[PDB]
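K.L.:
Next comes the structure file data.txt, holding compact mmCIF, C-alpha atoms.
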# COMPACT_ATOMS: atom_id res chain seq x y z
CA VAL A 1 56.96 167.95 111.66
CA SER A 2 55.70 171.39 110.68
CA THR A 3 56.71 174.48 108.74
CA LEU A 4 59.88 175.51 110.59
CA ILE A 5 60.69 179.19 110.66
CA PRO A 6 64.13 180.84 110.37
CA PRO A 7 63.41 183.57 107.74
CA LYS A 8 62.41 186.28 110.16
CA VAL A 9 64.56 185.91 113.27
CA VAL A 10 66.64 188.91 112.22
CA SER A 11 65.13 191.32 114.77
CA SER A 12 66.99 189.90 117.78
CA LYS A 13 69.94 188.53 115.79
CA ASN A 14 71.42 191.93 114.97
CA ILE A 15 73.39 192.45 118.21
CA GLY A 16 75.95 189.67 118.45
CA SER A 17 77.62 189.69 115.05
CA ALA A 18 80.82 191.57 114.19
CA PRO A 19 79.51 194.14 111.61
CA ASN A 20 76.97 195.19 114.24
CA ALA A 21 79.73 196.44 116.54
CA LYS A 22 81.50 198.17 113.64
CA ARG A 23 78.17 199.67 112.55
CA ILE A 24 77.34 201.06 115.99
CA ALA A 25 80.88 202.39 116.14
CA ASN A 26 80.85 204.25 112.85
CA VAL A 27 77.31 205.63 112.88
CA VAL A 28 78.51 207.41 116.02
CA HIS A 29 81.78 208.27 114.28
CA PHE A 30 80.10 210.02 111.33
CA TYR A 31 77.69 212.59 112.73
CA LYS A 32 79.98 214.88 114.74
CA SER A 33 82.63 214.97 111.99
CA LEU A 34 82.73 218.47 110.53
CA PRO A 35 81.68 218.44 106.85
CA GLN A 36 84.08 220.34 104.56
CA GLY A 37 86.87 221.80 106.67
CA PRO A 38 84.46 223.95 108.66
CA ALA A 39 85.36 225.74 111.92
CA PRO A 40 89.12 225.58 111.26
CA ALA A 41 89.64 229.01 112.91
CA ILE A 42 91.98 230.34 110.22
CA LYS A 43 92.21 233.80 111.84
CA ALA A 44 93.54 234.19 115.38
CA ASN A 45 95.69 236.75 117.21
CA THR A 46 97.02 236.79 120.78
CA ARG A 47 100.03 239.15 120.16
CA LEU A 48 102.12 236.06 119.36
CA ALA A 49 99.64 233.94 117.36
CA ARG A 50 100.22 235.52 113.93
CA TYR A 51 103.86 234.46 114.32
CA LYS A 52 102.63 230.86 114.69
CA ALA A 53 100.07 231.11 111.87
CA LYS A 54 102.60 232.64 109.47
CA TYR A 55 105.55 230.45 110.46
CA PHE A 56 104.69 227.34 112.48
CA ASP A 57 101.86 225.69 110.56
CA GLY A 58 102.33 222.61 108.38
CA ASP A 59 102.20 224.71 105.21
CA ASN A 60 105.43 226.68 105.69
CA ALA A 61 106.93 224.60 108.55
CA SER A 62 110.42 226.05 108.06
CA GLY A 63 113.00 226.36 110.84
CA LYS A 64 114.14 229.84 109.78
CA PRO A 65 112.31 231.52 112.75
CA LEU A 66 114.67 229.44 114.92
CA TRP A 67 117.29 231.20 112.79
CA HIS A 68 115.57 234.42 113.86
CA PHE A 69 115.53 232.98 117.38
CA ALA A 70 119.24 232.31 116.91
CA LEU A 71 119.43 235.87 115.60
CA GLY A 72 117.53 236.84 118.74
CA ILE A 73 120.33 235.29 120.77
CA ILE A 74 122.67 237.22 118.47
CA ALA A 75 120.45 240.12 119.47
CA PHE A 76 120.66 238.99 123.12
CA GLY A 77 124.06 237.56 124.01
CA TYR A 78 126.13 239.90 121.86
CA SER A 79 124.27 242.75 123.57
CA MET A 80 125.11 240.92 126.80
CA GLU A 81 128.66 241.21 125.46
CA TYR A 82 127.94 244.96 125.47
CA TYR A 83 126.76 244.46 129.07
CA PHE A 84 129.74 242.30 130.14
CA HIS A 85 132.80 242.50 127.91
CA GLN B 4 21.28 107.94 62.51
CA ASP B 5 20.92 105.40 65.32
CA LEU B 6 24.69 105.57 65.84
CA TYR B 7 24.41 109.32 66.37
CA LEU B 8 21.07 109.26 68.17
CA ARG B 9 21.79 106.49 70.68
CA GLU B 10 25.30 107.76 71.42
CA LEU B 11 23.96 111.28 71.98
CA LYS B 12 21.04 110.08 74.10
CA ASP B 13 23.34 108.09 76.38
CA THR B 14 25.66 111.12 76.26
CA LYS B 15 22.86 113.34 77.55
CA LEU B 16 21.16 110.83 79.84
CA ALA B 17 23.93 109.21 81.87
CA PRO B 18 24.97 112.66 83.20
CA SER B 19 21.30 113.72 83.29
CA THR B 20 21.03 111.75 86.54
CA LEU B 21 23.96 113.89 87.75
CA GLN B 22 22.70 117.36 86.78
CA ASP B 23 18.98 117.44 85.93
CA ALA B 24 17.56 115.14 88.61
CA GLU B 25 19.54 115.24 91.85
CA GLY B 26 20.06 111.50 92.15
CA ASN B 27 23.70 111.99 93.11
CA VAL B 28 25.62 109.76 90.71
CA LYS B 29 24.99 106.03 90.31
CA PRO B 30 28.53 105.07 89.00
CA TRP B 31 30.56 107.32 91.34
CA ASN B 32 30.97 105.82 94.80
CA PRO B 33 31.95 109.20 96.36
CA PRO B 34 29.05 111.68 96.34
CA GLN B 35 29.01 114.85 94.24
CA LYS B 36 26.85 117.09 96.46
CA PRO B 37 29.20 117.59 99.55
CA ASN B 38 32.13 118.73 97.40
CA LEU B 39 31.37 121.89 95.39
CA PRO B 40 28.03 123.28 96.78
CA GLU B 41 28.80 122.35 100.41
CA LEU B 42 32.49 121.94 101.26
CA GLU B 43 34.03 124.12 98.58
CA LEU B 44 31.05 126.47 98.56
CA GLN B 45 33.40 128.19 100.99
CA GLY B 46 36.07 127.30 98.40
CA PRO B 47 37.26 130.75 97.28
CA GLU B 48 37.09 131.85 100.91
CA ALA B 49 39.03 128.71 101.70
CA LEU B 50 41.24 129.99 98.87
CA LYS B 51 41.16 133.49 100.39
CA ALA B 52 40.89 134.71 103.96
CA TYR B 53 37.52 134.57 105.66
CA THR B 54 36.10 137.23 108.06
CA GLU B 55 38.66 139.90 107.23
CA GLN B 56 39.22 139.74 103.47
CA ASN B 57 35.81 138.55 102.27
CA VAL B 58 33.86 140.36 104.98
CA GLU B 59 36.23 143.12 103.72
CA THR B 60 36.72 145.05 107.06
CA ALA B 61 34.99 148.40 106.67
CA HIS B 62 37.52 149.87 109.08
CA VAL B 63 37.53 153.36 110.54
CA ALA B 64 40.69 155.31 109.80
CA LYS B 65 42.94 155.64 112.84
CA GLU B 66 42.81 159.37 113.49
CA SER B 67 46.18 161.08 113.69
CA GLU B 68 46.22 164.62 115.09
CA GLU B 69 48.06 167.93 114.87
CA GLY B 70 51.07 168.65 117.13
CA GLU B 71 49.07 168.31 120.39
CA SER B 72 47.85 171.95 120.16
CA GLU B 73 50.79 173.29 122.21
CA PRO B 74 52.28 176.37 120.49
CA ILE B 75 54.21 178.02 123.35
CA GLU B 76 56.89 175.87 124.99
CA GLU B 77 57.82 174.60 121.52
CA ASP B 78 57.44 177.70 119.30
CA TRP B 79 59.60 179.83 121.57
CA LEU B 80 62.25 177.11 121.63
CA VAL B 81 61.92 177.06 117.82
CA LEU B 82 62.50 180.83 117.80
CA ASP B 83 65.54 180.51 120.10
CA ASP B 84 66.96 177.67 117.99
CA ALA B 85 66.21 179.84 114.95
CA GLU B 86 68.34 182.57 116.52
CA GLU B 87 70.97 179.82 116.82
CA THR B 88 70.61 178.70 113.19
CA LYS B 89 70.74 182.31 111.99
CA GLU B 90 73.95 182.71 113.98
CA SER B 91 74.98 179.71 111.90
CA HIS B 92 73.41 181.25 108.76
Is it possible to give me this structure as C-alpha cells?
P.N.:
Amino acid sequence: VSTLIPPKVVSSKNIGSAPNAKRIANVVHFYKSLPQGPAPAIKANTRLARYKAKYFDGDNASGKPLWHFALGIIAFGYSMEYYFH
Amino acid sequence: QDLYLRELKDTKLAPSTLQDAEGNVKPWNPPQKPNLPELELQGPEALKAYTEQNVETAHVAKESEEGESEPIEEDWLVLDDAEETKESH
C-alpha cells in the first residue's frame, strides 16, 4: 500500500542474534590479554624460588630433583641410621 | 432523345414529389416523414444509449486518498514488524 521499510531496522536488531553474544564476549576477551608475553615475571627469588625456576618449570620439567629429594632422604634417613643404629 | 428525355424526366419527377416538394409520397400508403426525421431521428441513439452515452457523462473522478494521514500507530507497527522480518532476514 506504500513503500515498506526494512533496510534500516538494524539499530535495534543487533541484540538478539547469536554473533552479537559472541561479539560482546570476545571484545571483552581481547583487551586485557597481555600482548607479547609481557609481565611473565621471569626473575623471582624467595630462598626456594630459584630451585623452582631452574627445575620445576615446563621447560626442564625433569623429576631428577625428586632424585635429589630421594638423595635428601638418603641424606636424612641414613643419617638417622647414624642416630639410631 | 424522347426515350431518354421522358424516362429521365419521370425518373426525376416521380421522386421529386418525395424530396423537393414535401408532398409526402402519392404511391406509398405509409408516410415517409415520421420514419427517418422523426422516429429514427433518435435512431443512432436508439441504436446507442441515450442520456449516458450520447449525453456522454462528463463525470467527476471519484477521489481516492492517501493512507488516511495516520503515520504513528501504523509506522511503529511497521518498524516492529520490520524488526521481525529482519530477524527472519
K.L.:
Name the residues in contact with residue B:79 at a cut-off of 12 Å, using all atoms listed in the file, excluding same-chain residues fewer than 5 positions from it; report them as a ChimeraX atom specification.
P.N.:
/A:4-5,9 /B:73-74,84-86
K.L.:
Please produce a file of those selected residues containing C-alpha atoms, as a short mmCIF file (atom, residue, chain, number, x, y, z; two decimals), keeping the file's coordinate frame.
P.N.:
data_model
loop_
_atom_site.label_atom_id
_atom_site.label_comp_id
_atom_site.auth_asym_id
_atom_site.auth_seq_id
_atom_site.Cartn_x
_atom_site.Cartn_y
_atom_site.Cartn_z
CA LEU A 4 59.88 175.51 110.59
CA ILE A 5 60.69 179.19 110.66
CA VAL A 9 64.56 185.91 113.27
CA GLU B 73 50.79 173.29 122.21
CA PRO B 74 52.28 176.37 120.49
CA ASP B 84 66.96 177.67 117.99
CA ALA B 85 66.21 179.84 114.95
CA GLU B 86 68.34 182.57 116.52
#
K.L.:
Separation of atom CA of residue A:57 and atom CA of residue A:32, in Å?
P.N.:
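Going from atom CA of residue A:57 over to atom CA of residue A:32, I get 24.8 Å.
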K.L.:
Residues of chain B no more than 12 Å from chain A, counting only C-alpha atoms: send them over as a PyMOL selection string.
P.N.:
chain B and resi 68-71+74+77-92
K.L.:
What is the atom CA of residue A:51-atom CA of residue A:65 distance in Å, reported with one decimal?
P.N.:
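Answer for the atom CA of residue A:51 to atom CA of residue A:65 separation: 9.1 Å.
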K.L.:
Could you tell me how far atom CA of residue B:31 sits from atom CA of residue B:16, in Å to one decimal place?
P.N.:
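Those two atoms sit 15.3 Å apart.
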K.L.:
Padding of 5 Å on every side, edges along x, y and z, all listed atoms of stretch 59-73 of chain A included: what centre and edge lengths in Å, to one decimal, does that box have, as JSON?
P.N.:
{"center_x": 111.3, "center_y": 230.7, "center_z": 113.0, "size_x": 28.1, "size_y": 22.2, "size_z": 25.6}
